[PDB]
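Visitor: fold the following and give me the result.
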Amino acid sequence: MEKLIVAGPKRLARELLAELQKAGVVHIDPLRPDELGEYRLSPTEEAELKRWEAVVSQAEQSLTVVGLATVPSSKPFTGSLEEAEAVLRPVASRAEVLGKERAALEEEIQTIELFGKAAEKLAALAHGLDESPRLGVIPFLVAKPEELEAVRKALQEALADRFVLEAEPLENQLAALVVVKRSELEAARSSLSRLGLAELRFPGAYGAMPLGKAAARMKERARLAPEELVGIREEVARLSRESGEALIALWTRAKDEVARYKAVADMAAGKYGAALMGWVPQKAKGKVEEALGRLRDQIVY
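Guide: Residues are numbered from 1 along each chain as shown. Here you go, the structure:
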């Protein structure tokens, strides 16, 4: 009834032939890689392949956000590619957005965890002085009160009495701040530089802010973020319950669809040394895909 075309390594020319014969294939004829060119995918079939790959990639991306591993469903999506695509676009877009927001919140909350107390301390140390055009400030961390002195010594060596060095204790280190004439900011920086110290940078948006503003935004994000994350997580959960299983079934159908399309393309590209042709009557058709091999690819009809 239906024509079968099979390709594999040359190593398996014989075991392949054998297994086909005994599965019930008939009129078994070896093919030359040459004559497979005809089974070259049409522009139309290449476009289907590309769309199935996009299904694979969008479902993976969605499952990742949702926190489900890609594990082959027993009952894979059975609809058209159009149906698959129509079911997945809204879900993939929502997952993309949710996953991005959730990550931004988590990174935000962690930033506040790391730099929180430091920004509070420094802001206070620099309250009223942190956006004064005639004065320059430098926040920076220092480990020992002994090290702070060496700095105080350097600074005085360099600026006499034209600076203010104050510091607040952190859990381990000390949050320090220097204040100088704006025009001498670099002289102060140089002093830190010669002691192996540097300005404390705050990550992200906070970097380009005055201490005071930075600490205030951190304080409010610390009140708002944790609850916004809850809401994002509830949306993500809701997406899992509504669509987790469908995604898996889509992924599964699409993984196979891609293999099926590529197999044909690779075969036609003479990417295999051994290739056979044969005819399969409805009954035997069962035993043929069972001798699956895994190193070979067929295409029935």
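Visitor: quick check, residue 247 in contact with residue 59.
Guide: Yes - using C-beta atoms under 8 Å, residue 247 and residue 59 qualify as a contacting pair, with a distance of 5.0 Å. All C-beta spots, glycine's among them, are computed from the backbone N, C-alpha and C.
Visitor: who touches both of these two?
Guide: With contacts taken as C-beta atoms under 8 Å, 6 or more residues apart in numbering, residue 247 and residue 59 have residue 88 as neighbours in common.
Visitor: could you pull out the helices for the stretch 151-300 of the chain?
Guide: For the stretch 151-300 of the chain, the helices defined by DSSP state H, counting those that start in this stretch occupy 185-193, 211-268, 285-290.
Visitor: need the contact partners of the shortest one.
Guide: Contact with helix 285-290 is made by 2, 4, 20, 23, 24, 25, 280, 298, 300, as judged by C-beta under 8 Å, 6+ apart.
Visitor: any of these buried? List them.
Guide: Buried by 16 or more other C-beta atoms under 10 Å: 4, 20, 23, 25, 280, 298, out of the contacts of helix 285-290.
Visitor: mind listing what the third one touches?
Guide: When contacts are counted by C-beta under 8 Å, 6+ apart, residue 23 is found next to 284, 287, 288, 290, 291.
Visitor: what sits up against stretch 59-66?
Guide: With C-beta under 8 Å, 6+ apart as the criterion, stretch 59-66 contacts 69-70, 88, 91-92, 95-96, 98-99, 102, 236, 239-240, 243-244, 247-248, 250-251, 254.
Visitor: angle of the one helix or strand residue 90 maps to against helix 211-268?
Guide: Element membership of residue 90 [criterion: DSSP states H and E] is helix 81-125. Relative orientation of helix 81-125 with respect to helix 211-268: 160 degrees, computed using axes from the mean of the first three to the mean of the last three C-alpha atoms, to 10 degrees.
Visitor: related to what we said a few turns ago, would you turn the contacts of residue 23 into TSV with neighbour count and distance to residue 8?
Guide: Formatted as TSV, those follow (neighbours: other C-beta atoms under 10 Å; distance: C-beta to C-beta, whole Å):
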residue	neighbour count	distance to residue 8
284	16	19
287	15	18
288	19	14
290	9	16
291	16	12
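Visitor: look at residue 109 and say how many residues are nearby.
Guide: Burial of residue 109, expressed as a neighbour count using other C-beta atoms under 10 Å, amounts to 16.
Visitor: can you tell me the closest non-neighbouring residue to it?
Guide: The spatially closest residue to residue 109, leaving aside those adjacent along the chain, is residue 225, at 5.2 Å (C-beta to C-beta, 6 or more residues apart in numbering).
Visitor: and residue 124, how far from residue 130?
Guide: For residue 124, the distance to residue 130 (C-beta to C-beta, to the nearest Å) stands at 10 Å.
Visitor: same question, residue 119
Guide: Distance, residue 119 to residue 130, by C-beta to C-beta: 11 Å.
Visitor: mind listing the shared neighbours of those two?
Guide: With contacts taken as C-beta under 8 Å, 6+ apart, the residues that reach both residue 119 and residue 130 are residue 211.
Visitor: for residue 252, the count of nearby residues, please.
Guide: Using other C-beta under 10 Å, residue 252 has 20 neighbouring residues.
Visitor: list the contacts of it.
Guide: Residues counted as contacts of residue 252 (C-beta under 8 Å, 6+ apart) are 72, 73, 76, 77.
Visitor: what do you get for residue 243?
Guide: Per C-beta under 8 Å, 6+ apart, neighbours of residue 243: 62, 66, 91.
Visitor: which ones are touching residue 222?
Guide: Counting by C-beta under 8 Å, 6+ apart, residue 222 makes contact with 109, 112, 116.
Visitor: please repeat the previous calculation with a cut-off of 6 Å.
Guide: residue 112 (C-beta atoms under 6 Å, 6 or more residues apart in numbering).
Visitor: let me see the backbone angles for the closest residue to residue 271 other than its chain neighbours.
Guide: With sequence-adjacent residues excluded and distances taken as C-beta to C-beta, 6+ apart, residue 271 is closest to residue 7, at 7.8 Å. Listed backbone geometry of residue 7 is phi -140, psi 150, with angles given as degrees, to the nearest 10.
Visitor: all set now, cheers.
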